[PDB]
Structure formats: C-alpha cells, structure tokens
Amino acid sequence: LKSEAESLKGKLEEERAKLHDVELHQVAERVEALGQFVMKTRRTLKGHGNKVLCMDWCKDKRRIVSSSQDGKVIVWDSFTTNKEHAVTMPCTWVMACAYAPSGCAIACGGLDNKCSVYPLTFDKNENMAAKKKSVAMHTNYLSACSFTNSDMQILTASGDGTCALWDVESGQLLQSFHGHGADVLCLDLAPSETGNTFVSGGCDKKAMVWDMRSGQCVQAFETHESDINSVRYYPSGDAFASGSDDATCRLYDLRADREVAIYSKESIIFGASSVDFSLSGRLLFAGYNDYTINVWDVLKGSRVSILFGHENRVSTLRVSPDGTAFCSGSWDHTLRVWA
Amino acid sequence: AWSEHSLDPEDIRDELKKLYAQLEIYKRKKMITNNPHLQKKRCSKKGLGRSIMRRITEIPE
Amino acid sequence: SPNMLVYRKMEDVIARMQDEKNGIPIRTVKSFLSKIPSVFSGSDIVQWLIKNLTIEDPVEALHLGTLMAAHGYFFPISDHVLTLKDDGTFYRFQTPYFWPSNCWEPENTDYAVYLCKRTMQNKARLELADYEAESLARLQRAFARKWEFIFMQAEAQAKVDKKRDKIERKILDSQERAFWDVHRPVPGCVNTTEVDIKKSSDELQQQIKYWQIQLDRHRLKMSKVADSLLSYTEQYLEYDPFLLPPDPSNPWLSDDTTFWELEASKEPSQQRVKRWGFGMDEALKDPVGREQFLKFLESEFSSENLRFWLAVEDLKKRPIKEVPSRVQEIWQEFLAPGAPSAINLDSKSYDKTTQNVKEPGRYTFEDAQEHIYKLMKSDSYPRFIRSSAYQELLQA
C-alpha cells in the first residue's frame, strides 16, 4: 500500500512532466518585454496619530478606508483630502477593515475577538461608532474580512484556525471551516461570480481553499518557509500567488495544481507584507519590510522599479478596482496614493 | 582586534570581570553602605549574590 | 519565530562582509590631530555592496545599507543615530555578544548604570546629549532607593577596563556605547526592535482515496495555462491603465474627471462594447450589458432564462430572514409546474429541486442554475454578439 501510494505519486510526477514540458517563463520570454515606468506620488494623507494597519477601496473608485492601531478609523477622500467621517473603536490594534460594496458599512476588529460593523452613510450625525452592532465574534484576535459581495455577509479569521460567514443584523453563524491548526491570516473573495469560494492559509506554512457551498477543504498547498501574511487571486479567477516573511513570493495555479515560478531576489531580504494585482493582470505588487515597494513582471520575472517613499515598514497594500492606481499601508503614520 | 573569537572572548571576560569586581565591592559595601535598612540591604545583597552566582555558573557552562 | 530568519540572512550578509580573502579592509587612519586605527569609510561599504550584490541603483543599495546599519551591524563612530552616509566617515562592525539576534533586552536600572558610568569616566564635560541627560534626570527622580552599587560597579568596570591598554578601553567603550544606541535610540529615528502582536505568540482507505482523487484530479499542461494567462493579459493588455492606456485621461495624474464620468454614463464606449464581446459573464457583470442583453431577449420574446438567473442571484443576496419567503415563492413562480415562467429541468435536476425546496438553502438551486447557465452561455451570448444591435452599437 505504501508502494502503491508512492507509485501514484510518481504517476503524478509523470503527468506533471507531460503538462510542464516547457516552463511558464520558458514560454513567457516570447511575449515582448516591457518598458519604462514613471510612477511616483500623487497625494498624501495626514490624519492618523499612530501606525496605520489596514486599508480598502470602495467600489466608487475614489474614496478611502483605513484603520489604525490606536482606536480611530478614518474615511478620507484622497481625491480631495477632506474628511467626511470619523470613528473611534473601543479597543486597540484594529487589524482589519472592510468597505461595503454600495458603501453602507465597514467591519473593523481584531484582538477584541468581536467584529463590529457600522452603517457607513451620513445617517446619524452623532457618531460612526454609536450604532455598533456586534455581528461576528470569535474568541481571539481577528485577522481580516471580505464582505463577500451581498453587503449582508462578512467573512472573518482569527487565531482559532477556523473561519465562517456571519450575517449582518443577526450574528447568526452560517457555516464553519475547521481544517486548520494555527493562526490563519489571509482571506479574499474569488473574482468570479461562479462558485463563491475563498482561500485561508496561515502559520502552518500551507494554504488551503474552502468551498463555501459545503465547508470542505478541497484544495491545499504548502511550500512557504514561514508564516504567510496575505494572498490574492489571479484576477481572471484561475490562480493566486503570494509572499510571506521568507521574502520569497510564489504564484500557484488551480488547474495544474503546481507552483508556477519563484518570485524572490537575494537583494531584498526582509518580510513580504502584502500583494495585489493590476487590472491588466500584468504587473505584480507587494509591500515589503525593507521599506520599499516592488513591482515585478508576472512573466519575465524581472523587477521594474523600487519606489522609495516610506520611512518605515509597509503594512498592507491594495489596487483600486477601476485600475488606475494603488495605495500602501506603512509604519510611517500616514498614507500615500501611489500612481 | 575587530574580530569574533577574540572580541567574543574579550567582551565576555570583560563582562565577567565586571561582575566579579562588582561582587567583591559588594562584599566590602556590606557594612560600608550603612546608608539604608538591613533587610532591604539584605534583600539587595541576596538578589545580587543570586544573580551573580547564576551568571558565574552560566559563564562556566 | 519569523524575524529570526531575517536576522539570520543578514548575518549571512555580514559574515560574507568581513571575509578573510575578500571583504572591506578595516584601516588605521593617521591624522594631524591623532592616529585612529580599525575604521573605514562609508564609501567603502557602498562600493562593497555594489560589487558583491549587483545593486543597480546606488540609492537602492544605499537603502539596504541604511536599514542594515540601523539594525546594529555597523555604526558611525561620532554619532548616536545610526545612518549610513556615503562619505568619508569612520565605521565599525559589532561584536558577536552584541548583535541584536541574541534576544537581548536592557532595562531601566541598567540604563542608569550606563549613565553613571559615562558621566563619571571623564569629568571634563557632561559627555552626553540632551535626550540622554533628560533620561538620567528621570532615572534619578524615580530610583530614589537604588543608586549606590550602580555607581560602585560602574567605576569598578571603569578600573577593570582602563587597566587594560588605552586602545582597548577606547574600542570596547565605543562598541558598548553604540549597542545601546540601537536598543534605545534617539527620539527621531525609528526603533528597530519591536514586532507586531500577531507574531507575539480504512485509514489507508481514506489515504488511498486521497491518492485516487489526486488521480482523477484533472490537470492541463503549463503551456495551456501559459496561453490562458498570456491571452487573458492581452485581451485587456490594451486596457491596463498602468502600462498602455488608450484613454490618456487620468483623474489621478492629469487632473481630469471625464474618464470615470464617462464610466458613469450608461451609454457604452466602443472599448466597452468590444469588451462585452468576450464573455457573457463579463456582460452580466456590466449593468449596461445586462440591460442591453435583456432588451434583446425581450424583443426576441426570449427574456426568461436571464430573468431566472437574475432571480437566483438576487435571491443569494438577502439574509436568512427571507430565504424561505423567496424559495417557495420562486418555486411557485418558475419551478412549480403549472406556473407561467417555465424553467425546464431534467430528471435529477427536478429531483434535486423537489427535495431541497422544502428547506430554503444558501445553495438551493445549484444544479438547475448550472443547467440553465450552460444553456444561456452556449446559446444566447453567441447570437447576441452576432446580432445587428451589437454590431450597430459597436460601430459607434
């Protein structure tokens, strides 16, 4: 039985040889290489009073959401730099925020085990926190959320190693995932509206993807050298790469079930603390720990720039959905809007 | 020498001699530091002796 | 522990740095004022980086050097605040007992010890800066009881080290000065210690079954994925607003608003209409596409299956308060035989529907949606793209 198991593994090796006969970039050199970039600053935000540790775009493609570690969530307008909201969270280390699709609510929480949600609108001029309605709550610090496109169901992840979907008004849990054994830190919707799936990976050096229709851990992968700190889907809905504190970013397929190409460089050594793609699906973004950012070609594997703006470390990073720019999360007590 | 073995043993023995000398001066100060209370002096002396013997037995290991 | 690996890599770095055969040479300068040995100039380390690391940007290699030097692997001999500045100033490596990888943690009494010692070595000047004098004032006001043996061991150390040769006292005091710079830095520069709280911490039958599911796990060649990825890039490659955008209107860069505002206008641009033609999924993503596709389906008297699928999706949005209220109703409207909207099922489809319809579920109509969805994707979208309305709208 052990011999037969290993022989099925060798047959997987054989089919992988047939499928990967030529390497991704071994065919990718064919596409014409890419030219000069001139991206640099186009805005600045000066409102926080601490580090900043989460940020998200709206679907209106111009606003800003970002929460801090000192209790104060913000809602800017980088196009205008003029505050239209403000809110204070009861706790510290607010480690994850999210924006409503239409723009109705935001979920901020972590280290208090309960993920509050506030009605975004200009409804009550008294407070953005006063309508705090507990919706989810784990028993540990809470890593992130993905309002999964209905605006009435949010994901969450804690140190429990187990995620779930939590309704908006009720607090009524809807399904559970307990395939893990460590602190999960990653969560992102699929782009497709075909099967509302999502991924969760974490301290276990692995990544695993849930199918929300059941709650069964269908796919699972492990190649990282340490804890992982975020992941994102290839925006055609077909694959997803990532990076961690190995500094060695990688990209993974769903159809072949195999690593596609290494993303590392001996020069950068520090940790990798975000990734996000460009609407083309051409570039790659990642904030790092050596204070730079690092745009990489997805095919030819070369760097294309390093755009030194942040006096401290990169916290987390996103692309605006329209496809026109990107912002950074960083340890410098302010944000920029990098075009 | 700006080194690793040499400078390692150097800084190590430096801290070691600093500790042991601190200890000897503590022994003399037993009665010399009459400025404060006995048991308080007792507690300070005891803690110093304990941490010092600990650091010694660790330097020996 | 994560950062341990980081420090290990940079340890690799400095180990290659003070290499026997290669490496920077730690020189002994001679001056009209004095003769200082065992130093070097920051231009040396900059050159060393550029040589052995191939860091194309001088600025990039300088930033790497900057944070390395702000983690206590070398320091400027005459300054508190660790910063590598490419010029003629004198540096030095650190000692293996005083790296930062050694889990070290100073405390307030020990800061008091180093304060008394520095202030009492020389007695020619307050050999210090204003922040450190400020720290000592507080240590005085709060450490009222415990001072004496501090002073004691301080001057004891002073004798135990001055008793060794004059250059020895200098180099040892320089090192065990800088290593407390890095672990209690000047007010401005960032600490390089801290960490984030997150990192603050039949059997063979299921085995064999996993093996079998790996077998039936249908895969395709990487070249296939290569073509798919390149092509999905290309088909919007000319849409990438970073690389090559045809609409040069950039509300970020060129202080315009018109691009997004055209995006808000329901009338589709010719880019928009060409982009619809790739896949009806993207169409349904487009509200404009939904409207025009629905118009054609109506005028062709064929506006039901899209109506159904929109019904399924609009059902998948409400909370658990309305799931039953809609599922029975939607059955009675479409999936109940005898209703006008006649969704059409096969054996196992209608069986699944009849069994699940008793229980409203978040994945209620999966197989039926698959059936009708492959139907629409196989038939409707093709003729729509082939349609005169599509061609006339894409022309202008």
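Residue numbers (the numbering used here), protein chains in the order written: chain A, 1 to 339; chain B, 1001 to 1061; chain C, 2001 to 2396. Backbone N, C-alpha and C define an ideal beta-carbon position, used for all residues, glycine too.
CB contact below 8 Å: residue i versus chain B
i, result
"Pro2106(C)", "no"
"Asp2130(C)", "no"
"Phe2074(C)", "no"
Residue i at chain A interface by Cβ criterion, 8 Å
i, result
"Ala2226(C)", "yes"
"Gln2355(C)", "no"
"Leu2220(C)", "yes"
"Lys2348(C)", "no"
Residue interval of the beta strand (DSSP E) (run including residue i)
i, result
"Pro2287(C)", "Careful: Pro2287(C) lies outside any beta strand (DSSP E), inside the alpha helix (DSSP H) at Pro2287 to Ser2299."
"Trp210(A)", "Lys206 to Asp211"
"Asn229(A)", "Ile228 to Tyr234"
"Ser328(A)", "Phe326 to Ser330"
"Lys2358(C)", "That residue, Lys2358(C), is in no beta strand (DSSP E); it is neither H nor E in DSSP."
"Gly243(A)", "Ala239 to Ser244"
"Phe2334(C)", "Neither: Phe2334(C) is in no beta strand (DSSP E) and is coded neither H nor E."
"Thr2083(C)", "Neither: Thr2083(C) is in no beta strand (DSSP E) and is coded neither H nor E."
"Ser67(A)", "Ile64 to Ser68"
"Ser116(A)", "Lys114 to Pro119"
"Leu335(A)", "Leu335 to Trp338"
"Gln2271(C)", "Here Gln2271(C) belongs to no beta strand (DSSP E); instead the alpha helix (DSSP H) covers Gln2270 to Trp2276."
Cross-chain neighbours of residue i in chain C, by beta carbon under 8 Å
i, result
"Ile1012(B)", "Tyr2097"
"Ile1056(B)", "By Cβ distance, chain C contributes nothing, its closest Cβ being about 15 Å from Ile1056(B), past 8 Å."
"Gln1022(B)", "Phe2149, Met2152, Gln2153, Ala2156 and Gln2157"
Alpha-carbon to alpha-carbon, residue j and residue i
i, j, result
"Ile2320(C)", "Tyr252(A)", "35 Å"
"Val73(A)", "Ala86(A)", "6 Å"
"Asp183(A)", "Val218(A)", "19 Å"
"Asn2191(C)", "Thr41(A)", "26 Å"
"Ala98(A)", "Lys1041(B)", "58 Å"
"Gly287(A)", "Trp76(A)", "22 Å"
"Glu2234(C)", "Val2273(C)", "17 Å"
"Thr2083(C)", "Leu2067(C)", "8 Å"
"residue 383(A)", "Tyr2210(C)", "The structure shown does not extend to residue 383(A), since chain A is modelled only from 1 through 339, so no value can be given for it."
"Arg213(A)", "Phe177(A)", "11 Å"
"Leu120(A)", "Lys46(A)", "21 Å"
"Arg2326(C)", "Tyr2232(C)", "38 Å"
"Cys54(A)", "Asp2012(C)", "33 Å"
"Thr248(A)", "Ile228(A)", "11 Å"
"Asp1011(B)", "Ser330(A)", "38 Å"
"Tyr2390(C)", "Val2225(C)", "31 Å"
"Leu2253(C)", "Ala339(A)", "7 Å"
"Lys2(A)", "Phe2075(C)", "57 Å"
"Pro2037(C)", "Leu2172(C)", "13 Å"
"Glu2267(C)", "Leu2310(C)", "22 Å"
Residue interval of the alpha helix (DSSP H) (run including residue i)
i, result
"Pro2324(C)", "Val2323 to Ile2330"
"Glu2203(C)", "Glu2203 to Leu2215"
"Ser7(A)", "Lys2 to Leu19"
"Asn2305(C)", "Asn2305 to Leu2315"
"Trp1002(B)", "Note, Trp1002(B): premise wrong, no alpha helix (DSSP H); not H, not E."
"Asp2012(C)", "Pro2002 to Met2017"
"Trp2252(C)", "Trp2252(C) -> no alpha helix (DSSP H), and no H or E assigned at all."
"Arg2118(C)", "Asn2108 to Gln2121"
CB contact below 8 Å: residue i versus chain F
i, result
"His2183(C)", "Absent here is chain F; the protein component of the structure consists of chains A, B and C."
Presumed contact (8 Å Cβ cut-off) between residue i and residue j, rounded CB distance
i, j, result
"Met137(A)", "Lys114(A)", "4 Å"
"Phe198(A)", "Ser146(A)", "7 Å"
"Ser68(A)", "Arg43(A)", "With 8 Å as the limit, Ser68(A) and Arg43(A) do not qualify as a contact, their Cβ atoms being about 18 Å apart."
"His25(A)", "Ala261(A)", "6 Å"
"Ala2112(C)", "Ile2150(C)", "6 Å"
"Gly103(A)", "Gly161(A)", "About 32 Å; that fails the 8 Å criterion."
"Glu2155(C)", "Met2120(C)", "6 Å"
Contacts that residue i makes with chain C (C-beta to C-beta distance below 9 Å)
i, result
"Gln36(A)", "By Cβ distance, chain C contributes nothing, its closest Cβ being about 11 Å from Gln36(A), past 9 Å."
"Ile1052(B)", "In chain order: nothing, as chain C lies at least about 11 Å away."
Chain-ordered chain B contacts of residue i [CB-CB under 7 Å]
i, result
"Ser2038(C)", "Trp1002"
"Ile2045(C)", "Those do not exist, as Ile2045(C) stays about 14 Å from chain B at its closest Cβ, beyond 7 Å."
Test: residue i CB closer than 8 Å to a CB of chain C
i, result
"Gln172(A)", "yes"
"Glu222(A)", "no"
"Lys1027(B)", "no"
Interface partners of residue i on chain A, CB under 8 Å
i, result
"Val2190(C)", "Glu311, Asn312 and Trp331"
Partner residues on chain B for residue i, Cβ-Cβ distance less than 8 Å
i, result
"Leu2172(C)", "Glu1010, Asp1011 and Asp1014"
Where residue i meets chain B, residues with beta-carbon distance less than 9 Å
i, result
"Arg2092(C)", "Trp1002"
Neighbour list for residue i in chain A, Cβ cutoff strictly below 9 Å
i, result
"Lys2316(C)", "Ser150 and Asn196"
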